[PDB]
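Student: Pasting data06.cif here (mmCIF, C-alpha atoms):
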data_data
#
loop_
_atom_site.group_PDB
_atom_site.id
_atom_site.type_symbol
_atom_site.label_atom_id
_atom_site.label_comp_id
_atom_site.auth_asym_id
_atom_site.auth_seq_id
_atom_site.Cartn_x
_atom_site.Cartn_y
_atom_site.Cartn_z
ATOM 1 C CA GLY A 1 0.000 0.000 0.000
ATOM 2 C CA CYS A 2 1.713 3.169 1.292
ATOM 3 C CA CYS A 3 1.393 3.292 5.109
ATOM 4 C CA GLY A 4 1.744 -0.484 4.537
ATOM 5 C CA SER A 5 5.286 -1.483 5.728
ATOM 6 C CA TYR A 6 5.800 2.025 7.257
ATOM 7 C CA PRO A 7 5.169 3.708 10.684
ATOM 8 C CA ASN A 8 1.546 4.673 11.462
ATOM 9 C CA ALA A 9 1.640 7.395 14.219
ATOM 10 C CA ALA A 10 0.304 10.080 11.837
ATOM 11 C CA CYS A 11 0.682 8.225 8.533
ATOM 12 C CA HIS A 12 -2.383 6.568 6.970
ATOM 13 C CA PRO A 13 -3.011 5.408 3.338
ATOM 14 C CA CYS A 14 -4.448 8.965 2.862
ATOM 15 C CA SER A 15 -2.033 11.436 4.511
ATOM 16 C CA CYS A 16 0.386 10.062 1.831
ATOM 17 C CA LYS A 17 1.233 12.483 -1.003
ATOM 18 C CA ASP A 18 -0.235 10.302 -3.795
ATOM 19 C CA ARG A 19 -2.197 8.052 -1.463
ATOM 20 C CA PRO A 20 -3.983 4.701 -1.784
ATOM 21 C CA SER A 21 -7.052 6.191 -3.325
ATOM 22 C CA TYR A 22 -9.505 4.301 -1.081
ATOM 23 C CA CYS A 23 -9.398 7.461 1.103
ATOM 24 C CA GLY A 24 -11.387 8.966 -1.825
ATOM 25 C CA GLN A 25 -12.378 6.406 -4.462
#
Can you dump the structure from the file as structure tokens?

Tutor:
Amino acid sequence: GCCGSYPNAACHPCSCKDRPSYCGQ
């Protein structure tokens, strides 16, 4: 994914720059 295999304190598949687009569609 993107937060997949990374820290998660703030990080989500969404806060990423070009994120896993499930946090939209």

Student: In Å, with one decimal, what is the gap from atom CA of residue A:6 to atom CA of residue A:24?

Tutor: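 Separating atom CA of residue A:6 from atom CA of residue A:24 is a distance of 20.6 Å.
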
Student: Can you tell me, as a ChimeraX atom specification, what residues are no more than 8 Å from stretch 1-5 of chain A when counting all atoms listed in the file, ignoring any on the same chain fewer than 4 positions away?

Tutor: /A:11-13,16,19-20

Student: Please enclose the listed atoms of stretch 11-25 of chain A in an axis-aligned box, pad each side by 6 Å, and write out the centre and the three edge lengths in Å, rounded to one decimal, as lines of an AutoDock Vina configuration file.

Tutor:
center_x = -5.6
center_y = 8.4
center_z = 2.0
size_x = 25.6
size_y = 20.2
size_z = 25.0
